[PDB]
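Q: I am attaching a structure below and will ask some questions about it afterwards.
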Ligand SMILES: Nc1ncnc2c1ncn2[C@@H]1O[C@H](COP(=O)(O)OP(=O)(O)OP(=O)(O)OP(=O)(O)OC[C@H]2O[C@@H](n3cnc4c(N)ncnc43)[C@H](O)[C@@H]2O)[C@@H](O)[C@H]1O
Ligand SMILES: Nc1ncnc2c1ncn2[C@@H]1O[C@H](COP(=O)(O)OP(=O)(O)OP(=O)(O)OP(=O)(O)OC[C@H]2O[C@@H](n3cnc4c(N)ncnc43)[C@H](O)[C@@H]2O)[C@@H](O)[C@H]1O
Ligand SMILES: Nc1ncnc2c1ncn2[C@@H]1O[C@H](COP(=O)(O)OP(=O)(O)OP(=O)(O)OP(=O)(O)OC[C@H]2O[C@@H](n3cnc4c(N)ncnc43)[C@H](O)[C@@H]2O)[C@@H](O)[C@H]1O
Ligand SMILES: [Mg+2]
Ligand SMILES: [Mg+2]
Ligand SMILES: [Mg+2]
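Chains as they are written, first to last, in our numbering: chain H, 1 to 80; chain E, 81 to 505; chain Y, 506 to 930.
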């Protein structure tokens, strides 16, 4: 797995970290601290929570995230 | 019979006494720490930074007043310098009515200039220099998304989901607007969307941390200035009054001199409404002489501290608890107040100094090595001054909780001491 | 006239006084150290481990009660946790009626499992699960004589010179049987040789070293629990009473508050028979308020110790000898007792605290770094707590011998002090 993790790097992420609207911001910050800055928001996309969103929050609940203004791309979108 | 009374007096210092707990109905956080030094000079915490050239200049005086205290600008500089320092504190909290703006004609470099020059993170963009009409705003996070470019700020700025607030909206509402829209700037516009001001996250953050700021009746931070007894002090006072100083501190090592008494009286007769703090004295007779001369507040402190210079060099001194109590006893008979200046080393000494009679304590060495203290030069760094003041007032609040003192007047009048022997220390 | 009495009080600490020797008829070993805190709460030594989260949990409370003292389970955990800790002390000395047994059908591995799991050195072997009839016993010294084997325990166990005792035989006789037959286990059987219990050498050894254990009337070790003044303390007390706590300690930094007084009264009216210890107070007026509120024992301690936090931070404190004496004087008028909590640093301070009026002393820092103290984490290791308590009570016994005090009541009422100047120290 370690070898595969190096060989697949510099591709520019098929398996990103995820949360649900039921979780709390305390879950997000700790997932962030363990150095990612964004956590897309179950088994079957609703929002996105980032570090700057945490400045205006107070662990509260993660459902007060970036939910309406969502910019998403298709799978296959080029880096350009 | 002066030969027999030569050794009849006894003197208590801070280390001689402890405050006795009494029935309490107040938590430390609900204790009222305000104090009225005179009808025109009121503090929210009884802490004054000393008029020392290693303690209080404009940065210290602003910090002290922001927390509810008072700063005394030291006298070890010329008269013009000192009027400028008083004026700098009086003009600190201006409320920005005149916001620094720009137009879509300018280049992105123009915007970086403004941000880098003044440590500013945002520029509101108006349609023209005249009909200042808000069109956009530009910020550093915007600059991050651009490789160095001189493109017109108009194709760079934020325009579609632009968030403003009206003139007169509260700081709370301004906060909620910033919190909801996840933005840190809030330009203030009028009915016709003329740019009229700007509110930022850190303007709101500083109101949250300094809500007890001590201000004059026109909303300006209070400040004091130090005066000695020289030939030009009448010119020094005049320029300081012209800078809207809130209180003059006639500051001498031995205030119970006729030259000091005359200086107090001729300033009083020149400026009948001015607030005068006069020290340093340590007896009731000297307190009565300063009040009769025309002083509003009497500063108490001759030789405080076990092994200070006054005691080692001259052999002179009065244990501070006795000094405070004797001077406060005299000052009550005239309806005047007392400032306790000297050997406070722990927060518990503040509670002792105020009980005993002091209306406010003056601190210098404890604040000498702080961030807002003058100079970057032999004092250890003690960090932001608000760290020290926070723990000092935290101890005073704790002591008044033990004493059941809901306000400083109850601590002064009612708190009891118990005398110790010192034996374990 | 509160302004004049501000400095009229004097305060003595432990270092100010020494106890004066008087005519004695009692050796230190013959001194009675028992104390009656109330009709339902009696100690054999006047030592209580403090309700601190670095001092007293179930291990400390069991050790304290084993020696004749008392342990106060601290309140810095949830209500369920604290009821479990009280219950753990109440169930410690169960007397083993239910002995862990086995049958000759099992393998020798089975026996090692039991011994290794519970730190047990012996398994009595019964004929069947039902007619528990003692046939044999197996032990580690037996295991040593076998290379690892699963042979039936029946060809391995001790059967020919098997030694039992009847139910109801004394611990002395049990000892002599073990000493004569050179064995360390003694199974208890009935008339028909049914297995009914087990007595071991180390069960007898622990009775030899802890014969002054303080117990309730049903033979369970006494224990106390700490309560503050919050919203859920009535639920905390209820669960603690349901765990058969012997005494509740309403534990606050300043007990002379009306919120504390109300908490004392509504617990008293809810549980009329419960033992209530309320502190911390340092004046007779506060002692009278706590007793009138419904407290059984008043804990004394505001600012004890020369340079403790209360004095340095708040400027508040009462020298402990004066605090104990003034509070004990008030508590006598109501027939109540006093606990001296604070700055005991030597065993001689215990003798001073109890003379002066204290019925028991509360210790924390002296016991904080002991083996039974909570956690393996910044405190130096001071060894088993019984080493510290042994020397502390050893000094108290010595002091009462010098004072001719045969019991604590004679030390409290009759022992004289001599005031010192401190000059040599
Ligand atoms: N879930 C994950 N799984 C796997 N690997 C992961 C991962 N998350 C991160 N990583 C890895 O972590 C590495 C580190 O890169 P990053 O953590 O992205 O670091 P950065 O680019 O410097 O971001 P920054 O910290 O400046 O973001 P900020 O909140 O200020 O600015 C962000 C702004 O974007 C905004 N935003 C984001 N998505 C938005 C949307 N859909 N709609 C609106 N706004 C959106 C936010 O509101 C906020 O203002 C990445 O290279 C990646 O490999
Ligand atoms: N013209 C002026 N005249 C006088 N004093 C001035 C002044 N401008 C600033 N000051 C003073 O300078 C200080 C203001 O700066 P600071 O308060 O110190 O800086 P900051 O907000 O902590 O900066 P940060 O870097 O985090 O903000 P960002 O770029 O993300 O920026 C916020 C983010 O939100 C967005 N955003 C901001 N306002 C928006 C709006 N109205 N609509 C839409 N998006 C907006 C931005 O695009 C950016 O992404 C205060 O003392 C203030 O009084
Ligand atoms: N079933 C159970 N249920 C509940 N609690 C239990 C328990 N079993 C033990 N406990 C508890 O666990 C502790 C008992 O063990 P410990 O008391 O702690 O152990 P020890 O006696 O110091 O062990 P040692 O290793 O010295 O003994 P040896 O093997 O030589 O053994 C003694 C020697 O004498 C011999 N011997 C013992 N009893 C004999 C007997 N009746 N007849 C003949 N020989 C006997 C043995 O063969 C051996 O040589 C106590 O806390 C006790 O309450
Ligand atoms: Mg960032
Ligand atoms: Mg930012
Ligand atoms: Mg053995």
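Built from N, CA and C at the ideal position, the CB exists for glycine as well.
1. So residue 555 of chain Y and residue 868 of chain Y are supposed to be a Cβ contact under 8 Å. How far apart are they, rounded?
2. Distance check for residue 654 of chain Y and residue 615 of chain Y, CA to CA, integer angstroms please.
3. Are there three or more Cβ pairs, one per stretch, closer than 8 Å when the segment 351 to 359 of chain E is compared with the segment 115 to 124 of chain E?
4. Which residue's Cα is closest to the Cα of residue 149 of chain E: E/216, E/295 and E/276?
5. When DSSP labels each residue in this structure, what does residue 852 of chain Y get in the three-state scheme?
6. Tell me, to the nearest whole angstrom, how far the beta carbon of residue 698 of chain Y is from that of residue 638 of chain Y; I am working on the premise that it is less than 8 Å.
7. Taking the DSSP output, what are the residues bridged to residue 442 of chain E?
8. May I ask you to list, following chain order, the residues of the segment 697 to 714 of chain Y that have a beta carbon less than 9 Å from some beta carbon of chain E?
9. Suppose the cutoff is 6 Å on Cβ atoms and the five residues either side in sequence are ignored; what does the same chain contact list for residue 798 of chain Y look like?
10. Closer than 7 Å: is that where the CB of residue 15 of chain H sits relative to any heavy atom of ligand 2?
11. What does residue 358 of chain E pair with, by DSSP beta-bridge criteria?
12. Please identify, using Cβ separations under 9 Å, the residues of the segment 32 to 64 of chain H that lie next to chain E, in order along the chain.
13. Under 7 Å: does the beta carbon of residue 489 of chain E sit that close to some heavy atom of ligand 4?
14. Residues in its own chain within less than 6 Å of residue 846 of chain Y by CB, not counting five upstream and five downstream?
15. Considering Cα atoms alone, identify which of E/109, E/393, E/171 and E/363 is closest to residue 411 of chain E.
16. At the level of alpha carbons, what is the spacing between residue 485 of chain E and residue 447 of chain E?
17. Do you know offhand how far residue 607 of chain Y's Cα is from residue 879 of chain Y's?
18. From residue 218 of chain E to residue 233 of chain E, what distance separates their C-alpha atoms?
19. Hey, out of E/493, E/351, E/323 and E/317, whose CA is closest to residue 331 of chain E's CA?
20. With distances taken between CB atoms, is the gap from residue 823 of chain Y to residue 808 of chain Y smaller than 8 Å?
21. Ignoring anything shorter than 4 residues, give me the alpha helix (DSSP H) runs that lie fully in the segment 127 to 183 of chain E, in order along the chain.
22. In this structure, does DSSP put residue 322 of chain E in helix, strand or coil?
23. Quickly, what does DSSP pair residue 904 of chain Y with across the bridge? List them, please.
24. Taking all protein chains shown into account, decide if residue 921 of chain Y is buried (16 or more other Cβ within 10 angstroms of its Cβ) or exposed.
25. Could you spell out where the beta strand (DSSP E) holding residue 497 of chain E opens and where it closes?
26. Quick one: grab the DSSP three-state call for residue 383 of chain E.
27. Taking 8 Å as the threshold (C-beta atoms), are residue 702 of chain Y and residue 577 of chain Y in contact?
28. For residue 493 of chain E, go through chain Y and note every residue whose CB falls closer than 9 Å to its CB, in chain order.
29. Bridge partners of residue 5 of chain H, per DSSP?
30. Which one of H/74, H/44 and H/25 has the shortest CA to CA distance from residue 52 of chain H?
31. When you compare the CB positions of residue 236 of chain E and residue 222 of chain E, do they come within less than 8 Å of one another, or not?
32. Is the Cβ-Cβ distance between residue 41 of chain H and residue 19 of chain H less than 8 Å?
33. Ignoring anything shorter than 4 residues, give me the alpha helix (DSSP H) runs that lie fully in the segment 213 to 283 of chain E, in order along the chain.
34. Enumerate in chain order the residues of its own chain whose CB-to-CB distance from residue 207 of chain E is below 6 Å, with the five nearest sequence positions on each side excluded.
35. Drop a sphere of 10 angstroms on the beta-carbon of residue 393 of chain E, count the other beta-carbons inside from all chains shown, and report buried for 16 or more, exposed for fewer.
36. Give the straight-line distance between the Cα atoms of residue 23 of chain H and residue 839 of chain Y, rounded to the nearest whole angstrom.
A: Walking through what the data contain:
1. Residue numbering aside, residue 555 of chain Y sits at position 50 when the third chain is read from its first letter. Residue numbering aside, residue 868 of chain Y sits at position 363 when the third chain is read from its first letter. Rounded, the Cβ-Cβ distance is 7 Å, consistent with contact.
2. Along the third chain, read from residue 1 onward, the residue named residue 615 of chain Y stands at position 110. Along the third chain, read from residue 1 onward, the residue named residue 654 of chain Y stands at position 149. The alpha-carbon atoms of residue 615 of chain Y and residue 654 of chain Y are separated by roughly 11 Å.
3. In the pairwise beta carbon analysis, the segment 351 to 359 of chain E is classified as touching the segment 115 to 124 of chain E: at least three pairs are separated by under 8 Å.
4. For the purposes of this step, residue 149 of chain E is identified with residue 69 of the second chain, where counting begins at 1. Among E/216, E/295 and E/276, the Cα nearest to that of residue 149 of chain E is on E/295.
5. Within the third chain, the letter at position 347 stands for residue 852 of chain Y. In the structure shown, residue 852 of chain Y sits in a helix (DSSP, three-state: H, G or I).
6. In the third chain, the residue the question calls residue 698 of chain Y occupies position 193. In the third chain, the residue the question calls residue 638 of chain Y occupies position 133. With 8 Å as the limit, residue 698 of chain Y and residue 638 of chain Y qualify as a contact, their Cβ atoms being about 6 Å apart.
7. For the purposes of this step, residue 442 of chain E is taken as residue 362 along the second chain, with counting starting at 1. Partner(s): E/128 and E/421.
8. Correct list: empty, as no residue qualifies.
9. Working through the third chain from its first residue, we reach residue 798 of chain Y at position 293. Answer for residue 798 of chain Y: 766, 769 and 770, listed in chain order.
10. Against the first chain, residue 15 of chain H aligns to sequence position 15. Relative to ligand 2, even the nearest heavy atom lies 7 Å or more away from the CB of residue 15 of chain H.
11. Counting from one through the second chain, the residue named residue 358 of chain E turns up at place 278. Under DSSP, residue 358 of chain E forms a beta bridge with E/330 and E/378.
12. With the criterion set as a beta carbon lying under 9 Å from some beta carbon of chain E, the members of the segment 32 to 64 of chain H are 52, 53, 55, 56 and 57, in sequence order.
13. The residue labelled residue 489 of chain E in the question sits at position 409 within the second chain. When distances are taken from the beta-carbon of residue 489 of chain E to the heavy atoms of ligand 4, even the shortest one reaches 7 Å or more.
14. Translated into positions along the third chain, residue 846 of chain Y becomes position 341. 804, 806 and 867.
15. As a position in the second chain, residue 411 of chain E is number 331, starting the count at 1. For residue 411 of chain E, the closest alpha carbon among the candidates E/109, E/393, E/171 and E/363 is that of E/363.
16. To locate residue 485 of chain E, count along the second chain from 1; it is residue 405. To locate residue 447 of chain E, count along the second chain from 1; it is residue 367. Approximately 26 Å between the Cα atoms of the pair.
17. As a first step, residue 607 of chain Y must be located in the third chain, where it is residue number 102. As a first step, residue 879 of chain Y must be located in the third chain, where it is residue number 374. Their backbone Cα atoms lie some 36 Å apart in a straight line.
18. Against the second chain, residue 218 of chain E aligns to sequence position 138. Against the second chain, residue 233 of chain E aligns to sequence position 153. When the Cα atoms are used, residue 218 of chain E and residue 233 of chain E turn out to be separated by approximately 8 Å.
19. Indexing the second chain from 1 puts residue 331 of chain E at position 251. Closest option to residue 331 of chain E, Cα to Cα, is E/317.
20. Translated into positions along the third chain, residue 823 of chain Y becomes position 318. Translated into positions along the third chain, residue 808 of chain Y becomes position 303. Going by C-beta atoms, residue 823 of chain Y is nearer than 8 Å to residue 808 of chain Y.
21. Those alpha helix (DSSP H) runs which fall completely within the segment 127 to 183 of chain E and span 4+ residues are 138 to 146 and 159 to 170.
22. Residue 322 of chain E sits at position 242 when you count from the first residue of the second chain. DSSP places residue 322 of chain E in helix when its eight states are reduced to three.
23. As a position in the third chain, residue 904 of chain Y is number 399, starting the count at 1. By DSSP's assignment, residue 904 of chain Y forms no beta bridge with any residue.
24. Numbered from 1 along the third chain, position 416 holds the residue referred to as residue 921 of chain Y. Residue 921 of chain Y should be labelled exposed.
25. Position 417 of the second chain, counted from the start, is the residue given in the question as residue 497 of chain E. Boundaries of the beta strand (DSSP E) around residue 497 of chain E: 497 to 499.
26. As a first step, residue 383 of chain E is located in the second chain; it is residue number 303 there, counting from the start. In the three-state reduction of the DSSP assignment, residue 383 of chain E falls in the coil class, being assigned neither a helical nor a strand state.
27. As a working mapping, residue 577 of chain Y is identified with position 72 in the third chain. As a working mapping, residue 702 of chain Y is identified with position 197 in the third chain. No, the pair does not count as a contact, with Cβ atoms beyond the cut-off.
28. One-based indexing of the second chain puts residue 493 of chain E at position 413. The contacting residues are 507 and 508.
29. Taking the first residue of the first chain as 1, we reach residue 5 of chain H at position 5. For residue 5 of chain H, which the question treats as bridged, DSSP gives no partner whatsoever.
30. On the first chain, position 52 is the one that residue 52 of chain H refers to. Its Cα nearest to that of residue 52 of chain H, the residue H/25 stands out among H/74, H/44 and H/25.
31. Mapped onto the second chain, residue 236 of chain E falls at position 156. Mapped onto the second chain, residue 222 of chain E falls at position 142. Yes, Cβ-Cβ distance for residue 236 of chain E and residue 222 of chain E is below 8 Å.
32. By 1-based counting over the first chain, the position of residue 41 of chain H is 41. By 1-based counting over the first chain, the position of residue 19 of chain H is 19. The answer is yes: Cβ separation under 8 Å.
33. Counting only runs of 4 or more, we get 220 to 224 and 251 to 261.
34. Counting from one through the second chain, the residue named residue 207 of chain E turns up at place 127. Exclusion of the five residues before and after residue 207 of chain E leaves 213 and 215 as the residues of its chain whose Cβ lies within less than 6 Å of its Cβ.
35. As a working mapping, residue 393 of chain E is identified with position 313 in the second chain. By the 10 Å Cβ count, residue 393 of chain E comes out exposed.
36. Along the first chain, read from residue 1 onward, the residue named residue 23 of chain H stands at position 23. Along the third chain, read from residue 1 onward, the residue named residue 839 of chain Y stands at position 334. Near 58 Å, if we compare the C-alpha coordinates of residue 839 of chain Y and residue 23 of chain H.
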